[PDB]
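We begin with a single chain expressed as structure tokens, specifically the form deposited in one PDB entry.
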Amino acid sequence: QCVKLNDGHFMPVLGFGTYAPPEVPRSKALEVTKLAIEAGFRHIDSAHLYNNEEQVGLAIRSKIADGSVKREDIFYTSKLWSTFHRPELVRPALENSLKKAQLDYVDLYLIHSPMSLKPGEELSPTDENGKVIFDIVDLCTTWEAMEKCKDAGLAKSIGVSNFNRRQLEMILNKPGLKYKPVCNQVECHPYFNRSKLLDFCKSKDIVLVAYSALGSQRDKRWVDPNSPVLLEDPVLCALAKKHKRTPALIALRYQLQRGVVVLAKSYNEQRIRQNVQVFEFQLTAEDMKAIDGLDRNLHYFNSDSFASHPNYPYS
């Protein structure tokens, strides 16, 4: 199942999340991406940040070589990291990602975040207090460099991630805009359902792609351990019982029925296969209203590291 993007390309509506934190051996990304493709995932979400593009690209190429899929059947995303927002760094960052994955093109290239970081060797250049050292880049200039990557054929489609409405607006209002973003990949789940941003995106034919749709991996670098655990929510668990599915499947299905493309990360073979069951059942209107009731403005990523960045998207 795919949605048509505003530049005519197609995005599968369920995607596999590939991030795992640095304690997880790098080889695991190769194994679990092949599992995801075997289970029926066709959209695969990676990034420079993830330090896994080589393993994820090998898993794709393995499944092409063994005859399981064709390249045109796979929708592969990577993302421009925030130390590469200066326009002359954008096509190089993309070419690096293509070389790591050994692919000729990515289906989608995103600006990973609006929170530009000091250019240099470090992924996360940190000040005195562990705040990211910010850079000031007009992201409209970064966008123009993204458009040139599409014109060169390095990315089939281009989009953004972690933009708020006003930051998206800034791009859509750019003089001489050539390509709208096709999507805005953002934190989105029943505790932070982004209904206003969703309505804006739909008005502009921009796909909202939900990450941390299962509640995030609750990494201690970014996530308060006190934050309620999404999949323990009693309304999600009651709906799981009513449908004889699981709280994760309820959270994924919720998004599809709102018109949201949804990612799901799992490094567990059973849960990878379980997550494709999202296409096998439906939530009723009352189930969806119950889930809408859970909204509490909770973005799990909530650290000082970035909450003080001048382009921090949350307010």
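Don't overthink the numbering: it's just position in the shown sequence, from 1. Shifts are known only where both forms have a C-alpha. Rigid core here is just the name for the largest C-alpha set that superposes within 1.5 Å across the two forms.
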Next on the checklist: Test of understanding: from the entry's C-alpha B-factors, which stretch has the higher mean, 165 to 173 or 70 to 78?
Outcome noted: 165 to 173
Checklist entry - Hey, which bit's got the bigger mean C-alpha B factor in the entry, 207 to 215 or 88 to 96? => result 88 to 96
Next on the checklist: Among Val278, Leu49, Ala285, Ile64, where is the Cα B factor highest in this entry?
Outcome noted: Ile64
Item to check | Top residue by Cα temperature factor, when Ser157, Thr83, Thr126, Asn193 are compared in the entry | outcome: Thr126
Item to check | Chain third (lowest, middle, highest) by recorded CA B-factor, residue given as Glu53 | outcome: middle
Checklist outcome for this item: Of the three thirds of the chain ranked by Cα temperature factor, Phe134 occupies the highest
Checklist entry - What third of its chain, lowest, middle or highest, does the C-alpha temperature factor of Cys140 fall into? => result highest
Checklist entry - Taking the C-alpha B-factors as the PDB entry records them, is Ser305 in the lowest, middle or highest third of its chain? => result highest
Checklist entry - Compared with the other modelled residues in the chain, in which third is the CA B-factor of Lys28? => result highest
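The same protein also has a form deposited in another entry, omitted here; what follows describes it.
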Next on the checklist: Which residue of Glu232, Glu88, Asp127, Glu72 is the mover here, meaning its C-alpha shifts by 2 Å or more between this form and the one not shown once both are aligned on the rigid core?
Outcome noted: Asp127
Checklist entry - Can a Cα shift of no less than 2 Å be assigned to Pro310 between this form and the one not shown, given superposition on the rigid core? => result yes
Checklist outcome for this item: Cα of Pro225 vs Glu128, shift of 3 Å or more in the other form, relative to this form: the pair sits farther
Checklist entry - Where do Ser308 and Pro225 end up in the other form, Cα atoms closer or farther than shown, with a change of 3 Å or more? => result farther
Checklist outcome for this item: Rigid-core overlay between this form and the one not shown puts runs of three or more residues with Cα moved 2 angstroms or more at 126 to 132, 303 to 310
